[PDB]
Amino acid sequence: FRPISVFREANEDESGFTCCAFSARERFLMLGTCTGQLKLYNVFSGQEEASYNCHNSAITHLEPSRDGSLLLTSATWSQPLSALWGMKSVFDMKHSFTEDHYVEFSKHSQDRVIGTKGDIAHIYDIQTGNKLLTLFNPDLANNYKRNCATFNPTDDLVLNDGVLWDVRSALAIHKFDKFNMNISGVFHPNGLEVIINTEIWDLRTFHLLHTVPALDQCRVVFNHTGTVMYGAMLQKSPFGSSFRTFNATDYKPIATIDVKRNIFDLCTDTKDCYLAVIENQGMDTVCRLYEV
C-alpha cells in the first residue's frame, strides 16, 4: 500500500467527502459529500472536474454501473432517499427509490436495482423503473440494524436480513440464524458461500464452513477478481482507523493497515491496481489513493 495520490474537497475548509467509487473512466473517481453533492475528481491530480447536487443530505453510498451509463446513490435524510442517475450526455435522475436507504445493482447483468428499506427488500427494473418485487417474511426476519439486501453473482438469489430468497419464485428458501445485531451479510463473488459477519455458510448445504472472528462488525469489500477481501470495522466516521485484508479463498489474514485517521469508505478499481480510502483528518476528509 504505497500512497500514490491525496486530495481534499476543493474550496471547502471542512472537506466533506463521505464515499467514493471509481467511474468507468479509470482516471476519475466519483465521490459523495456530506452536503449531498456528487463530485468527479481526477484521482491523480486532485482536480475537481464536476459537481452535481444529487441530494440535500449526506451521501452514504454510491455505485457506478460497469457500462458507464448509470449511477446509484443513497443519502441520509432526503427524499428520494436513493436514486438512479443516467450519466450519458446530460446527467439527470432516471428513477427514484423513495425510502430505500441503500441500493445496489444486480450483478450478472445490471438490468435491475435492489433497494433496502429497513427489513424489506425492493427489486426494480432499470428500463421501466417499476418495482418488480417486495421481499419480506415476518416469521424469518432477523431485524439486522445495518441490513443491506443484495443479489448473488447470477442474480437468481437474494439475501435480505439474513434470509435467502429465490428470485423466480419470490419466496424465502432458507433463514440463516442471527448471531449478531447489525451485519446482515454478502455473497462471496465465487457464488458458493454467504458471509454473514463472522460466519461463512455453504450455499449448497447450509453448513458452516468457516468461523472468522476478525470479520466481526465489518463491511466487506472484494477486489474485482474476488481474490482479496477488505474488512473495515464499524465504530461521524462509520469506521475506525484501520482495515484488514484477507485471502478470499481461505479467509486467512494478509495484512492490517492503520492509516491513523478514521475511515469513511474504501473502494477498488476494476484492474485491481488501487485502493482509494476516505480518511478523516478532523469533519475534514481526504481521499488517498494507494497502489496495492
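Residue numbers run from 1 along the displayed sequence.
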Margin query: I'd like to know whether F239, which is modelled here, goes unmodelled in a third or more of the other compared entries that cover its flanking residues.
Written below: yes
Next item on the list: Using what the record says, work out whether there is a hole in the model between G282 and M283 and how many deposited residues it spans (none, 1 to 3, 4 to 9, 10 or more).
Entry: 4 to 9
Notebook entry, point to check: From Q235 to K236, how many deposited residues does the entry skip: none, 1 to 3, 4 to 9, or 10 or more?
Noted result: 10 or more
Check: As stated in the PDB record, which stretch has the larger average Cα B-factor, 160 to 168 or 138 to 146?
Finding: 138 to 146
Check: What stretch has the higher average Cα B-factor here, 262 to 270 or 35 to 43?
Finding: 262 to 270
Notebook entry, point to check: Of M30, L70, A58, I257, which one's C-alpha B factor is largest in the deposited record?
Noted result: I257
Checklist line | Highest recorded Cα temperature factor - choice among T198, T128, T116, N152 | finding: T128
Checklist line | Lowest, middle or highest third - CA B-factor, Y52 | finding: lowest
Next item on the list: Please rank the C-alpha B-factors of the chain's modelled residues and tell me whether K94 sits in the lowest, middle or highest third.
Entry: middle
Margin query: Ranking the modelled residues of this chain by C-alpha B-factor as given in the entry, is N180 in the lowest, middle or highest third?
Written below: middle
Next item on the list: Going by the recorded CA B-factors, say which third of the chain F1 sits in, lowest, middle or highest.
Entry: highest
Margin query: Considering every modelled residue of the chain and its Cα B-factor in the PDB entry, is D202 in the lowest, middle or highest third?
Written below: middle
